[PDB]
file upload_21.cif (mmCIF, C-alpha atoms)
data_coords
loop_
_atom_site.label_atom_id
_atom_site.label_comp_id
_atom_site.auth_asym_id
_atom_site.auth_seq_id
_atom_site.Cartn_x
_atom_site.Cartn_y
_atom_site.Cartn_z
CA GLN E 1 -1.02 -10.68 -22.30
CA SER E 2 -2.05 -8.00 -19.81
CA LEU E 3 -2.09 -4.46 -21.22
CA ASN E 4 -2.68 -1.45 -18.97
CA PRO E 5 -6.22 -0.63 -17.79
CA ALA E 6 -6.10 2.78 -19.46
CA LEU E 7 -8.84 3.78 -17.02
CA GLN E 8 -6.94 5.81 -14.42
CA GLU E 9 -3.57 6.49 -16.06
CA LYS E 10 -3.74 10.29 -16.13
CA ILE E 11 -0.27 11.77 -16.61
CA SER E 12 0.64 15.23 -15.29
CA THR E 13 -1.77 17.37 -13.27
CA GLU E 14 -0.68 20.96 -13.91
CA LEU E 15 2.30 20.38 -16.20
CA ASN E 16 4.49 21.52 -13.30
CA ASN E 17 4.32 18.50 -10.99
CA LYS E 18 4.51 16.19 -14.00
CA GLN E 19 8.28 16.63 -13.80
CA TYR E 20 8.51 15.61 -10.15
CA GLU E 21 5.99 12.80 -10.60
CA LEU E 22 7.59 11.47 -13.78
CA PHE E 23 10.98 11.57 -12.07
CA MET E 24 9.90 9.14 -9.35
CA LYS E 25 7.51 7.29 -11.66
CA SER E 26 10.18 6.56 -14.26
CA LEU E 27 12.67 5.66 -11.53
CA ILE E 28 10.33 3.37 -9.60
CA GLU E 29 8.77 1.86 -12.73
CA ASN E 30 12.27 1.25 -14.09
CA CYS E 31 13.72 -0.42 -11.00
CA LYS E 32 10.48 -2.26 -10.22
CA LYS E 33 10.45 -3.48 -13.82
CA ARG E 34 13.41 -5.63 -12.81
CA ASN E 35 11.02 -7.65 -10.65
CA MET E 36 7.40 -6.97 -11.63
CA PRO E 37 7.42 -5.41 -15.13
CA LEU E 38 4.24 -4.33 -16.92
CA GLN E 39 3.01 -4.21 -20.52
CA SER E 40 4.40 -0.73 -21.19
CA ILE E 41 3.54 2.12 -18.82
CA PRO E 42 2.63 0.86 -15.32
CA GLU E 43 0.20 3.33 -13.76
CA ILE E 44 -2.83 3.14 -11.46
CA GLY E 45 -4.97 6.05 -10.33
CA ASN E 46 -3.08 9.20 -11.30
CA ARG E 47 0.57 8.88 -10.28
CA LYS E 48 1.07 8.77 -6.51
CA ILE E 49 4.39 6.95 -6.18
CA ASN E 50 6.20 10.30 -5.98
CA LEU E 51 7.78 11.46 -2.72
CA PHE E 52 5.90 14.75 -3.07
CA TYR E 53 2.62 13.36 -4.39
CA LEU E 54 2.29 10.51 -1.90
CA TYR E 55 3.08 13.00 0.87
CA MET E 56 0.70 15.72 -0.33
CA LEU E 57 -2.12 13.18 -0.52
CA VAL E 58 -1.58 11.98 3.05
CA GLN E 59 -1.39 15.52 4.42
CA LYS E 60 -4.54 16.39 2.47
CA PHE E 61 -6.41 13.44 3.98
CA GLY E 62 -5.38 14.70 7.40
CA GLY E 63 -2.42 12.40 7.92
CA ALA E 64 -2.04 8.62 7.83
CA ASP E 65 -4.00 8.59 11.09
CA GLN E 66 -6.98 10.22 9.37
CA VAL E 67 -6.90 7.67 6.54
CA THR E 68 -6.93 4.80 9.03
CA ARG E 69 -9.34 6.53 11.41
CA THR E 70 -12.15 5.96 8.90
CA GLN E 71 -10.53 2.84 7.45
CA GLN E 72 -10.16 4.44 4.02
CA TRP E 73 -6.51 3.48 3.53
CA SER E 74 -7.75 0.25 1.96
CA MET E 75 -9.72 2.10 -0.72
CA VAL E 76 -7.19 4.91 -1.16
CA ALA E 77 -4.29 2.46 -1.41
CA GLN E 78 -6.11 0.72 -4.25
CA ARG E 79 -6.22 4.01 -6.15
CA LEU E 80 -2.42 4.07 -6.38
CA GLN E 81 -2.18 0.27 -6.24
CA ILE E 82 -0.06 0.26 -3.08
CA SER E 83 -2.16 -2.14 -1.02
CA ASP E 84 -4.14 -4.52 -3.23
CA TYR E 85 -4.56 -7.26 -0.63
CA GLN E 86 -1.98 -10.06 -0.71
CA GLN E 87 -0.48 -8.28 -3.72
CA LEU E 88 0.52 -5.51 -1.31
CA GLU E 89 3.36 -7.83 -0.27
CA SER E 90 4.86 -8.01 -3.76
CA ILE E 91 4.40 -4.28 -4.36
CA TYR E 92 5.89 -3.38 -0.98
CA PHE E 93 8.85 -5.69 -1.56
CA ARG E 94 9.61 -4.34 -5.03
CA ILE E 95 9.22 -0.77 -3.75
CA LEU E 96 11.43 -1.53 -0.75
CA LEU E 97 14.03 -3.16 -3.00
CA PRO E 98 17.61 -1.83 -2.82
CA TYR E 99 17.61 -0.63 -6.43
CA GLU E 100 14.25 1.12 -6.14
CA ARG E 101 15.11 2.74 -2.80
CA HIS E 102 18.54 3.69 -4.13
CA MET E 103 17.14 5.42 -7.21
CA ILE E 104 14.87 7.50 -4.97
CA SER E 105 17.58 7.90 -2.33
CA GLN E 106 19.42 10.28 -4.67
CA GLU E 107 16.58 12.77 -4.20
CA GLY E 108 16.82 12.33 -0.45
CA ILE E 109 19.89 10.60 0.95
CA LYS E 110 19.24 12.22 4.33
CA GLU E 111 16.51 9.61 4.74
CA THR E 112 19.06 6.80 4.45
CA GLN E 113 20.96 7.84 7.57
CA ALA E 114 17.60 7.89 9.34
CA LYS E 115 17.50 4.10 9.05
CA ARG E 116 14.32 2.03 9.39
#
call {"tool": "encode", "arguments": {"input": "upload_21.cif", "output": "structure tokens"}}
result
Amino acid sequence: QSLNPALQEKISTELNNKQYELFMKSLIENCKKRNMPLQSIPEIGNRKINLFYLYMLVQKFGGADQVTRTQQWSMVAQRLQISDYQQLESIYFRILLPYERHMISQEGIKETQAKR
């Protein structure tokens, strides 16, 4: 009994990145669904769970340092629902899961050898 907000669930931006975003979105949403499933299509903001989207956003803000410099990470994180207070723990855990990380690892296994 908790349908999506349907407020900030915009899919695709230029029809080109939609493929890259949907790839990580479907993968993360699928794996994460094994722990914290949603009503149907889990989305918050405008798709930012992608390895290219989440990166582009940070670089655009001037780097993680810039986001924290003005203490905006709290607000920005809420946009993608990555740091919603205590909930950030559950989201981080599910996202750090072995299945979730594995699904995304295929796109970049070189990151695995990098270790924590």
call {"tool": "closest_residue", "arguments": {"input": "upload_21.cif", "among": "E:11, E:28, E:3, E:57", "to": "residue 96 of chain E", "atoms": "all atoms listed in the file"}}
result
E:28
call {"tool": "closest_atom_pairs", "arguments": {"input": "upload_21.cif", "of": "segment 20-90 of chain E", "to": "segment 97-105 of chain E", "cutoff": "8 Å", "atoms": "all atoms listed in the file", "output": "Markdown table"}}
result
| residue | atom | partner | partner_atom | distance |
| --- | --- | --- | --- | --- |
| E:24 | CA | E:104 | CA | 6.8 |
| E:27 | CA | E:103 | CA | 6.2 |
| E:28 | CA | E:100 | CA | 5.7 |
| E:31 | CA | E:100 | CA | 5.1 |
| E:32 | CA | E:100 | CA | 6.5 |
call {"tool": "closest_residue", "arguments": {"input": "upload_21.cif", "among": "E:39, E:19, E:68, E:78", "to": "residue 91 of chain E", "atoms": "all atoms listed in the file"}}
result
E:78
call {"tool": "resolve_selection", "arguments": {"input": "upload_21.cif", "expression": "the PyMOL selection byres ((chain E and resi 49) around 8)", "output": "VMD selection string"}}
result
chain E and resid 21 24 to 25 28 47 to 48 50 to 51 53 to 54 80
call {"tool": "atom_distance", "arguments": {"input": "upload_21.cif", "atom1": "atom CA of residue 15 of chain E", "atom2": "atom CA of residue 46 of chain E"}}
result
13.3 Å
call {"tool": "closest_residue", "arguments": {"input": "upload_21.cif", "among": "E:84, E:9, E:107, E:65", "to": "residue 42 of chain E", "atoms": "only C-alpha atoms"}}
result
E:9
call {"tool": "resolve_selection", "arguments": {"input": "upload_21.cif", "expression": "the PyMOL selection byres ((chain E and resi 82) around 10)", "output": "count of residues only"}}
result
21
call {"tool": "atom_distance", "arguments": {"input": "upload_21.cif", "atom1": "atom CA of residue 8 of chain E", "atom2": "atom CA of residue 30 of chain E"}}
result
19.7 Å
call {"tool": "atom_distance", "arguments": {"input": "upload_21.cif", "atom1": "atom CA of residue 111 of chain E", "atom2": "atom CA of residue 55 of chain E"}}
result
14.4 Å
call {"tool": "closest_residue", "arguments": {"input": "upload_21.cif", "among": "E:41, E:114, E:70, E:52", "to": "residue 20 of chain E", "atoms": "only C-alpha atoms"}}
result
E:52
call {"tool": "closest_residue", "arguments": {"input": "upload_21.cif", "among": "E:6, E:58, E:66, E:93", "to": "residue 35 of chain E", "atoms": "all atoms listed in the file"}}
result
E:93
call {"tool": "decode", "arguments": {"input": "upload_21.cif", "residues": "segment 21-109 of chain E", "atoms": "C-alpha atoms", "output": "compact mmCIF listing (two decimals), in the first residue's frame"}}
result
# COMPACT_ATOMS: atom_id res chain seq x y z
CA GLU E 21 20.18 4.98 -17.46
CA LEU E 22 17.62 2.21 -17.94
CA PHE E 23 20.44 -0.33 -18.05
CA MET E 24 21.62 0.55 -14.55
CA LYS E 25 18.12 1.44 -13.35
CA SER E 26 16.66 -1.93 -14.34
CA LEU E 27 19.71 -3.73 -12.95
CA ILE E 28 19.77 -1.89 -9.63
CA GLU E 29 15.99 -1.86 -9.25
CA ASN E 30 15.96 -5.58 -10.02
CA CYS E 31 18.68 -6.61 -7.57
CA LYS E 32 17.54 -4.12 -4.93
CA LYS E 33 14.02 -5.50 -5.33
CA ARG E 34 15.37 -8.62 -3.64
CA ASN E 35 15.70 -6.58 -0.45
CA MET E 36 13.67 -3.37 -0.69
CA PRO E 37 11.12 -3.80 -3.51
CA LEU E 38 8.68 -1.07 -4.53
CA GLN E 39 5.11 -0.91 -5.86
CA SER E 40 6.15 -1.14 -9.51
CA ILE E 41 8.77 1.26 -10.87
CA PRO E 42 11.07 2.60 -8.12
CA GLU E 43 12.26 6.06 -9.15
CA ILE E 44 13.04 9.34 -7.38
CA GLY E 45 14.10 12.58 -9.04
CA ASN E 46 14.96 11.70 -12.63
CA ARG E 47 17.15 8.58 -12.71
CA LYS E 48 20.59 9.14 -11.17
CA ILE E 49 21.59 5.62 -10.13
CA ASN E 50 23.50 5.20 -13.39
CA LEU E 51 27.30 5.07 -13.42
CA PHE E 52 27.30 7.79 -16.07
CA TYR E 53 24.45 9.90 -14.69
CA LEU E 54 25.60 9.90 -11.06
CA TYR E 55 29.09 10.81 -12.29
CA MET E 56 27.98 13.55 -14.69
CA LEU E 57 25.94 15.16 -11.92
CA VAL E 58 28.87 15.24 -9.50
CA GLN E 59 31.25 16.66 -12.11
CA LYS E 60 28.62 19.25 -13.01
CA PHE E 61 28.28 20.33 -9.38
CA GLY E 62 32.05 20.77 -9.30
CA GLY E 63 32.92 17.47 -7.69
CA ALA E 64 31.81 15.81 -4.46
CA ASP E 65 33.88 18.45 -2.67
CA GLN E 66 31.74 21.21 -4.18
CA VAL E 67 28.52 19.49 -3.11
CA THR E 68 29.78 19.21 0.47
CA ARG E 69 31.46 22.63 0.43
CA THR E 70 28.02 24.26 0.50
CA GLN E 71 26.40 21.34 2.32
CA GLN E 72 24.07 20.61 -0.59
CA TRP E 73 24.75 16.87 -0.72
CA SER E 74 21.89 16.45 1.76
CA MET E 75 19.39 18.12 -0.57
CA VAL E 76 20.86 16.69 -3.77
CA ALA E 77 20.99 13.17 -2.33
CA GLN E 78 17.28 13.43 -1.57
CA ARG E 79 16.62 14.15 -5.24
CA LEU E 80 17.89 10.69 -6.20
CA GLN E 81 16.93 9.21 -2.83
CA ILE E 82 20.48 8.16 -1.97
CA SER E 83 20.72 9.79 1.46
CA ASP E 84 17.29 10.15 3.07
CA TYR E 85 18.53 10.29 6.66
CA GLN E 86 18.59 6.99 8.56
CA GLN E 87 17.10 5.43 5.42
CA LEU E 88 20.44 6.14 3.75
CA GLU E 89 21.71 3.08 5.62
CA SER E 90 19.20 0.71 4.02
CA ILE E 91 19.66 2.25 0.57
CA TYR E 92 23.46 2.14 0.85
CA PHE E 93 23.37 -1.47 2.03
CA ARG E 94 21.07 -2.63 -0.76
CA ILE E 95 23.14 -0.71 -3.31
CA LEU E 96 26.36 -2.14 -1.88
CA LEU E 97 24.90 -5.65 -1.91
CA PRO E 98 26.85 -8.36 -3.78
CA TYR E 99 24.08 -8.93 -6.33
CA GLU E 100 23.59 -5.23 -7.05
CA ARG E 101 27.32 -4.53 -7.28
CA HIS E 102 27.79 -7.65 -9.41
CA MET E 103 25.11 -6.64 -11.91
CA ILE E 104 26.83 -3.28 -12.34
CA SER E 105 30.29 -4.85 -12.19
CA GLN E 106 29.71 -6.32 -15.65
CA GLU E 107 29.80 -2.79 -17.06
CA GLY E 108 33.02 -2.12 -15.18
CA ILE E 109 34.87 -5.10 -13.72
